[PDB]
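Presented below is the structure to which this report refers.
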Amino acid sequence: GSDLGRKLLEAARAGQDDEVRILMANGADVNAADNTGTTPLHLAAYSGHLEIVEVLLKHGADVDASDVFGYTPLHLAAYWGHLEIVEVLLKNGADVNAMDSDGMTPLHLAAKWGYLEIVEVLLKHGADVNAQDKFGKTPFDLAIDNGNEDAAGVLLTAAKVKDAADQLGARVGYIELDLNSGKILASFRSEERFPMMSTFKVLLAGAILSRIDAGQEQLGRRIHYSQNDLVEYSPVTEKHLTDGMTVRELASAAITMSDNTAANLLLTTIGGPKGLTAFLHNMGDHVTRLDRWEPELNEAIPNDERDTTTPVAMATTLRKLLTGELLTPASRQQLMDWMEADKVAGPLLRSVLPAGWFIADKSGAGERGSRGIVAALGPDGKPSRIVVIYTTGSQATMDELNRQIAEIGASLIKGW
């Protein structure tokens, strides 16, 4: 009987992708472990064999397996500066904050050796900047000690955001993204899910504009509705029960005033939340999902994936809508124009925006202390970056939440 377990360990170490598959096909344990607790995934991560890491993961490899010294594959990937592997491990559910026997997290390792790109990715997945090793040192402290000012700065920025959220008992996530290239300039918990709340209405407007471009809808078409269509908070639609509203007026009301009935009426034309989600799949967004209508979509139940997005997905989709090829230039401009005319997000980014800056945004508020904003802004009268910020779970007052988002915005503006 050939010990397939060890043969697989060696194949993973040597980068023999075909041999790895053959052994697995013949019954090799993908989670085989030697006397130190080392698994095929550990060795693949240590050597830097991306393809083998992927094959192991897609066939049942335990992503968080720990060896005798508390090392996970993510520890090894970070220690040797294997960026792509770090990314893949995290995408497959690795524990970003796993601590080895010395109390070191992957973020400690990346900060210590000065692997800036890895520091950034870890932050995307919620790495704890307050994590202390056995000597009481945070990743920041290790960056300072080893003279990595680059990493220190990025970690300091992340700490400001996390520490503010902790005081409120909130979970926070944000991202700053380049409008043209799509390059991520800064973020924290940008790969985690948050309730979209009314921020989804910019995506809804995109779906309608797509139908307009296709000739399935007309901006000037008048929609007639009744009192039984009215839901909570409908400041505009409640005024036009007898005359109705055009698709254009409804889209405007939905974005600029966050009118709920306006959103539901538009949703109906595309087949509801399932219709909007279908449109997002066409945009290349397979993360964002709308499941419910207004106002139920604002429930923000903890760990509920219904009606949620991630900061990176929302920011990326918004970028595609405002600059991509999917909408016609006229429609892209209309979407931007509607967001520029938002009048219900005063207490957020606009409360700290210097004179001369351009901003087009859409805000959101929900139960369980949920608050958020999506925006395209820039210091020179035009938008050059996308900013998305979400907070949830604090049960804090509206004023407290407003200031939480505003101060994050202030930090980004000052460090522009």
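Here's how to read the names in the structure tokens: chain A, B, ... by the order shown, residue numbers from 1 in each chain, ligand numbers from 1 in the order shown.
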
Self-check item: residue 192 (chain A) environment, 9 Å, only C-alpha atoms, sequence neighbours closer than 5 positions dropped, as an MDAnalysis selection string
Solution: chainID A and resid 124:126 173 309:312

Quiz item: If you run DSSP on this backbone, which residues of region 321-379 of chain A come out as helix (DSSP H, G or I), and could you give them as a VMD selection string?
Solution: chain A and resid 321 to 323 329 to 340 349 to 351

Restricting the output to N, CA and C atoms, write the selected residues as a PDB file, in the first residue's frame.
```pdb
ATOM      1  N   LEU A 321     -20.960  51.498 -13.927  1.00  0.00           N
ATOM      2  CA  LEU A 321     -22.168  52.214 -14.324  1.00  0.00           C
ATOM      3  C   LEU A 321     -21.869  53.643 -14.772  1.00  0.00           C
ATOM      4  N   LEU A 322     -20.896  54.276 -14.126  1.00  0.00           N
ATOM      5  CA  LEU A 322     -20.596  55.681 -14.383  1.00  0.00           C
ATOM      6  C   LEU A 322     -19.561  55.890 -15.492  1.00  0.00           C
ATOM      7  N   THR A 323     -18.750  54.871 -15.762  1.00  0.00           N
ATOM      8  CA  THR A 323     -17.669  55.000 -16.739  1.00  0.00           C
ATOM      9  C   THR A 323     -17.607  53.859 -17.756  1.00  0.00           C
ATOM     10  N   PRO A 329     -23.234  56.959 -23.033  1.00  0.00           N
ATOM     11  CA  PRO A 329     -22.703  58.176 -22.410  1.00  0.00           C
ATOM     12  C   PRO A 329     -23.804  59.068 -21.846  1.00  0.00           C
ATOM     13  N   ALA A 330     -24.925  59.165 -22.552  1.00  0.00           N
ATOM     14  CA  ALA A 330     -26.041  59.990 -22.102  1.00  0.00           C
ATOM     15  C   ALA A 330     -26.620  59.458 -20.792  1.00  0.00           C
ATOM     16  N   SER A 331     -26.753  58.140 -20.698  1.00  0.00           N
ATOM     17  CA  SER A 331     -27.291  57.510 -19.495  1.00  0.00           C
ATOM     18  C   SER A 331     -26.319  57.600 -18.321  1.00  0.00           C
ATOM     19  N   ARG A 332     -25.033  57.402 -18.596  1.00  0.00           N
ATOM     20  CA  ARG A 332     -24.013  57.517 -17.562  1.00  0.00           C
ATOM     21  C   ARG A 332     -24.044  58.918 -16.967  1.00  0.00           C
ATOM     22  N   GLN A 333     -24.241  59.911 -17.825  1.00  0.00           N
ATOM     23  CA  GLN A 333     -24.300  61.296 -17.377  1.00  0.00           C
ATOM     24  C   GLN A 333     -25.551  61.540 -16.539  1.00  0.00           C
ATOM     25  N   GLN A 334     -26.668  60.945 -16.950  1.00  0.00           N
ATOM     26  CA  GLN A 334     -27.925  61.115 -16.232  1.00  0.00           C
ATOM     27  C   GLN A 334     -27.821  60.540 -14.824  1.00  0.00           C
ATOM     28  N   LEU A 335     -27.208  59.368 -14.707  1.00  0.00           N
ATOM     29  CA  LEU A 335     -27.031  58.732 -13.408  1.00  0.00           C
ATOM     30  C   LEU A 335     -26.199  59.624 -12.495  1.00  0.00           C
ATOM     31  N   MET A 336     -25.119  60.177 -13.039  1.00  0.00           N
ATOM     32  CA  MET A 336     -24.254  61.073 -12.281  1.00  0.00           C
ATOM     33  C   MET A 336     -25.023  62.325 -11.866  1.00  0.00           C
ATOM     34  N   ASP A 337     -25.829  62.858 -12.782  1.00  0.00           N
ATOM     35  CA  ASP A 337     -26.599  64.075 -12.522  1.00  0.00           C
ATOM     36  C   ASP A 337     -27.618  63.882 -11.404  1.00  0.00           C
ATOM     37  N   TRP A 338     -28.252  62.714 -11.365  1.00  0.00           N
ATOM     38  CA  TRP A 338     -29.229  62.423 -10.322  1.00  0.00           C
ATOM     39  C   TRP A 338     -28.553  62.365  -8.959  1.00  0.00           C
ATOM     40  N   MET A 339     -27.406  61.696  -8.903  1.00  0.00           N
ATOM     41  CA  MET A 339     -26.664  61.544  -7.657  1.00  0.00           C
ATOM     42  C   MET A 339     -26.075  62.875  -7.191  1.00  0.00           C
ATOM     43  N   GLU A 340     -25.700  63.728  -8.137  1.00  0.00           N
ATOM     44  CA  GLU A 340     -25.177  65.042  -7.786  1.00  0.00           C
ATOM     45  C   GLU A 340     -26.262  65.891  -7.125  1.00  0.00           C
ATOM     46  N   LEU A 349     -21.086  62.889   4.041  1.00  0.00           N
ATOM     47  CA  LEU A 349     -19.872  63.403   3.408  1.00  0.00           C
ATOM     48  C   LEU A 349     -19.960  64.903   3.132  1.00  0.00           C
ATOM     49  N   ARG A 350     -21.150  65.370   2.771  1.00  0.00           N
ATOM     50  CA  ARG A 350     -21.351  66.774   2.434  1.00  0.00           C
ATOM     51  C   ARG A 350     -21.102  67.708   3.622  1.00  0.00           C
ATOM     52  N   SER A 351     -21.170  67.173   4.837  1.00  0.00           N
ATOM     53  CA  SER A 351     -20.965  67.989   6.032  1.00  0.00           C
ATOM     54  C   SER A 351     -19.488  68.295   6.282  1.00  0.00           C
TER      55      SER A 351
END
```

Quiz prompt | Å distance separating CA of residue 307 (chain A) from CA of residue 360 (chain A), one decimal place | solution = 22.6 Å

Self-check item: Residues within 12 Å of residue 114 (chain A), only C-alpha atoms, excluding chain neighbours under 3 positions, as an MDAnalysis selection string
Solution: chainID A and resid 78:81 107:111 117:120 139:140 142:155

Quiz item: Could you name the residues that touch residue 77 (chain A) at 7 Å or less, counting only C-alpha atoms, but leaving out those on the same chain fewer than 4 positions away, as an MDAnalysis selection string?
Solution: chainID A and resid 45:46 73 81:82 85:86

I need the chosen residues saved as a PDB file, in the first residue's frame, with N, CA and C atoms.
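Saved file selection.pdb follows:
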```pdb
ATOM      1  N   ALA A  45       1.577  26.634  -0.004  1.00  0.00           N
ATOM      2  CA  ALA A  45       1.626  28.047   0.353  1.00  0.00           C
ATOM      3  C   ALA A  45       3.056  28.476   0.663  1.00  0.00           C
ATOM      4  N   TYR A  46       3.817  27.568   1.267  1.00  0.00           N
ATOM      5  CA  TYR A  46       5.205  27.832   1.624  1.00  0.00           C
ATOM      6  C   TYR A  46       6.094  27.936   0.385  1.00  0.00           C
ATOM      7  N   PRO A  73      -1.788  28.001   6.701  1.00  0.00           N
ATOM      8  CA  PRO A  73      -1.261  28.300   5.367  1.00  0.00           C
ATOM      9  C   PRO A  73      -1.180  29.805   5.113  1.00  0.00           C
ATOM     10  N   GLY A  81       5.725  36.377   1.482  1.00  0.00           N
ATOM     11  CA  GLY A  81       5.308  37.421   0.562  1.00  0.00           C
ATOM     12  C   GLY A  81       4.620  36.901  -0.685  1.00  0.00           C
ATOM     13  N   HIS A  82       3.813  35.858  -0.531  1.00  0.00           N
ATOM     14  CA  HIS A  82       3.077  35.291  -1.656  1.00  0.00           C
ATOM     15  C   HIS A  82       1.697  35.932  -1.780  1.00  0.00           C
ATOM     16  N   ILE A  85      -1.471  34.108  -3.346  1.00  0.00           N
ATOM     17  CA  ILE A  85      -1.911  33.004  -2.500  1.00  0.00           C
ATOM     18  C   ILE A  85      -2.649  33.521  -1.266  1.00  0.00           C
ATOM     19  N   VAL A  86      -2.154  34.609  -0.683  1.00  0.00           N
ATOM     20  CA  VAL A  86      -2.846  35.247   0.431  1.00  0.00           C
ATOM     21  C   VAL A  86      -4.277  35.586   0.021  1.00  0.00           C
TER      22      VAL A  86
END
```

Near-residue 277 (chain A) list (8 Å; only C-alpha atoms; drop same-chain fewer than 2 positions) as a CSV table (one decimal) with N, CA, C and O atoms, in the first residue's frame:
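Full text of out-v8.csv as output:
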```csv
chain,number,residue,atom,x,y,z
A,273,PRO,N,-36.9,42.6,-7.0
A,273,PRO,CA,-35.6,42.4,-6.6
A,273,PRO,C,-34.8,41.3,-7.4
A,273,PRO,O,-33.6,41.5,-7.7
A,274,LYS,N,-35.5,40.3,-7.8
A,274,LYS,CA,-34.9,39.2,-8.6
A,274,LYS,C,-34.4,39.8,-10.0
A,274,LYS,O,-33.4,39.4,-10.5
A,275,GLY,N,-35.2,40.8,-10.5
A,275,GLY,CA,-34.9,41.4,-11.7
A,275,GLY,C,-33.6,42.3,-11.6
A,275,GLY,O,-32.8,42.3,-12.5
A,279,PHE,N,-29.8,41.9,-13.3
A,279,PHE,CA,-29.1,43.0,-14.0
A,279,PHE,C,-27.7,43.1,-13.5
A,279,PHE,O,-26.7,43.3,-14.2
A,280,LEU,N,-27.5,42.9,-12.2
A,280,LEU,CA,-26.2,43.0,-11.5
A,280,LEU,C,-25.3,41.9,-12.0
A,280,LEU,O,-24.1,42.1,-12.2
A,281,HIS,N,-25.9,40.7,-12.2
A,281,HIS,CA,-25.2,39.6,-12.8
A,281,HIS,C,-24.6,39.9,-14.2
A,281,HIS,O,-23.5,39.5,-14.6
A,288,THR,N,-23.4,41.3,-5.0
A,288,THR,CA,-24.5,42.1,-4.6
A,288,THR,C,-25.8,41.4,-4.9
A,288,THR,O,-26.0,40.8,-6.0
A,289,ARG,N,-26.8,41.5,-4.0
A,289,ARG,CA,-28.1,40.9,-4.1
A,289,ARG,C,-29.2,41.6,-3.5
A,289,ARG,O,-29.1,42.0,-2.3
A,290,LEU,N,-30.3,41.9,-4.2
A,290,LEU,CA,-31.5,42.4,-3.6
A,290,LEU,C,-32.6,41.4,-3.6
A,290,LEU,O,-32.9,40.8,-4.6
```

Quiz prompt | Shell of 9 Å around residue 64 (chain A), only C-alpha atoms, local chain residues under 3 positions omitted, as a list in words | solution =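 Non-adjacent residues within range: residues 61, 72, 73, 74, 89, 93, 94, 95 and 98 of chain A.
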
Quiz item: What's the 12 Å shell around residue 18 (chain A), counting only C-alpha atoms, without same-chain residues fewer than 6 positions away, as a PyMOL selection string?
Solution: chain A and resi 8+11-12+24-25+51-52+55

Deliver the residues from the most recent selection as a file, using N, CA, C and O atoms, as a compact mmCIF listing (two decimals), in the first residue's frame.
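Done, and the output landed in part21.txt:
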```
# COMPACT_ATOMS: atom_id res chain seq x y z
N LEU A 8 1.52 13.06 -1.58
CA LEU A 8 0.81 14.29 -1.93
C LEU A 8 1.50 15.50 -1.30
O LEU A 8 1.59 16.57 -1.91
N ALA A 11 4.49 16.18 -3.45
CA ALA A 11 4.06 16.69 -4.74
C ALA A 11 3.66 18.16 -4.62
O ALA A 11 3.93 18.96 -5.52
N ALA A 12 3.02 18.51 -3.51
CA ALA A 12 2.59 19.88 -3.27
C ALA A 12 3.79 20.79 -3.07
O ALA A 12 3.80 21.94 -3.53
N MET A 24 -4.72 12.59 -5.68
CA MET A 24 -6.05 12.87 -5.18
C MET A 24 -7.10 12.00 -5.88
O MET A 24 -8.02 11.50 -5.24
N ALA A 25 -6.94 11.83 -7.18
CA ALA A 25 -7.87 11.02 -7.96
C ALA A 25 -7.86 9.57 -7.47
O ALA A 25 -8.89 8.89 -7.51
N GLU A 51 -1.37 27.41 -8.31
CA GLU A 51 -2.28 26.45 -8.93
C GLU A 51 -2.60 25.28 -8.01
O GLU A 51 -3.73 24.80 -7.96
N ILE A 52 -1.60 24.82 -7.26
CA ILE A 52 -1.80 23.70 -6.35
C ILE A 52 -2.65 24.12 -5.15
O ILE A 52 -3.49 23.35 -4.68
N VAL A 55 -6.27 24.02 -6.50
CA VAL A 55 -6.77 22.66 -6.68
C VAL A 55 -7.10 22.02 -5.33
O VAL A 55 -8.13 21.37 -5.18
```

Give me, as a tab-separated table, each residue of region 295-387 of chain A that comes within 7 Å of region 198-219 of chain A, together with its shortest interatomic pair and the distance in Å at one decimal, counting only C-alpha atoms, with rows ordered by chain and rising residue number.
```
residue	atom	partner	partner_atom	distance
A:321	CA	A:206	CA	6.7
A:327	CA	A:210	CA	6.1
A:328	CA	A:213	CA	6.8
A:331	CA	A:209	CA	6.0
A:362	CA	A:199	CA	5.7
A:363	CA	A:199	CA	5.6
A:364	CA	A:198	CA	4.4
A:365	CA	A:198	CA	6.8
A:373	CA	A:199	CA	6.6
A:374	CA	A:199	CA	6.7
```

Quiz item: Quick one: of A:228, A:26, A:395, A:402, who's nearest to residue 347 (chain A), counting only C-alpha atoms?
Solution: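 Counting only C-alpha atoms, the residue closest to residue 347 (chain A) is A:402.
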